[PDB]
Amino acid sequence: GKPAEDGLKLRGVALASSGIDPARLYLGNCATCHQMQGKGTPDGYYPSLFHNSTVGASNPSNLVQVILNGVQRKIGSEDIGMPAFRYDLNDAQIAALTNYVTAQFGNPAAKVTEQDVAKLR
């Protein structure tokens, strides 16, 4: 992958009225965790998703899989967890976000997820 800058020019610009704007989907739904540029915080914790496995695989079923539910790593009597997006995102909203993610982070070639979202629910 590589640092985004996608939002670098998206700050101060009023929010769109209707239609999936994948760029802003990451900004509002994510960034606050993986950070605007997708670099992830210093002390690892929430990782940078521009040099991740799941983010850039080939068949991103395991990718969206996370966006839907989240993660539950309970090991080390100090457990983690990326929250849920099953009730706060639509199959179209998710699929359009996935395509943005992969394309601008992972190897976009196999980055499909064309309403495979619903089937994953």
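We number the residues from 1 along the sequence you see.
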Inset, instruction - Could you check the entry and say whether 8-16 or 105-113 has the higher mean CA B-factor? - result: 105-113
Inset, instruction - Using the B-factor values recorded in the entry, state whether the Cα atom of residue 86 falls in the lowest, middle or highest third among the modelled residues of its chain. - result: middle
Inset, instruction - Within this chain's modelled residues, let me know which third the CA B factor of residue 66 belongs to: lowest, middle or highest. - result: middle
Inset, instruction - Quick one: classify residue 30 as lowest, middle or highest third of the chain based on its Cα B-factor. - result: lowest
Inset, instruction - Sort the modelled residues of this chain by their C-alpha B factor and say whether residue 40 lands in the lowest, middle or highest third. - result: lowest
Legend entry - residue 48 CA temperature factor, ranked by third within the chain: middle
